[PDB]
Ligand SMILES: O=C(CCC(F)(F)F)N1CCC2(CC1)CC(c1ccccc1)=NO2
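Take a look at this single chain, the form deposited without this ligand, given in structure tokens.
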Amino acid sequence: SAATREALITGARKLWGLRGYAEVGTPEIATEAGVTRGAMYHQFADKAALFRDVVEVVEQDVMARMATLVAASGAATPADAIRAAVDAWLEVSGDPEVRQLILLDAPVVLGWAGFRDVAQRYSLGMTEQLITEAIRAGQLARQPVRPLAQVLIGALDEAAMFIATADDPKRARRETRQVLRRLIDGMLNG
């Protein structure tokens, strides 16, 4: 029964990751997972409920992938951590599964308040941390931490959205990386 939950989340994630939420129904997901409809409905009341669990697991991977990329950059100071964290977010949001589930389907399926809540639960803390360390190292002016975090989250979230729907994604990704790079470098002292 625990196994059944795991296999449904895994199946939904794969199939919705490839074709999108709208294009795959719960009966197809049950078959893919090797379970009956009643085992499925015991675990998930409806389609949208299974999607919420898919979003939690994909967000966990996004944060863990991002912490791996920052730690693999060899960033020696808070300011370099920030430069790495910015590049990592554009790399990870470019992953076509993350693009489909988080950038396109999650806002539609969860609603505005739902999506914003999830996005903030996963991103706010990390962002607030990086800012607090830069302030302490003297690489960023002493200022209020949450307001800056929140403004940066809206900038980065919009960046990713703009890439995901662009005519030329590879170009939008590159140009938008320059723009965020210049912005950060205007704020940072080193």
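Just count from 1 along the sequence shown to find any residue number.
We do not show the form solved in complex with this ligand, though everything after this point is about it.
Backbone and C-beta atoms of the displayed form are kept clear of this ligand by more than 2.4 Å after its pose in the bound PDB entry is superimposed, which defines the site as open. Residues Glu59, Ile82 and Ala119 are all found to lie within 4.5 Å of this ligand in the bound PDB entry, as judged by heavy atom distances.
When contacts are judged by a 4.5 Å heavy atom cut-off, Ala137 does not count as touching this ligand in the bound PDB entry. Looking at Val151, you'd find every heavy atom of it more than 4.5 angstroms from this ligand in the bound PDB entry.
Put simply, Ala164 is far from this ligand in the bound PDB entry: not one heavy atom of it is within 4.5 Å. Interface residue remark: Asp157 is counted as part of the site for this ligand in the bound PDB entry, having a heavy atom within 4.5 Å. With the partner omitted from this view, the residue of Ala141, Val145, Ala48, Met63 that lies near this ligand in the bound PDB entry is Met63 [heavy atom within 4.5 Å]. In the bound PDB entry, this ligand lies within 4.5 angstroms of at least one heavy atom of each of the following residues of 97-118: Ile102, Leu103, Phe115, in sequence order.
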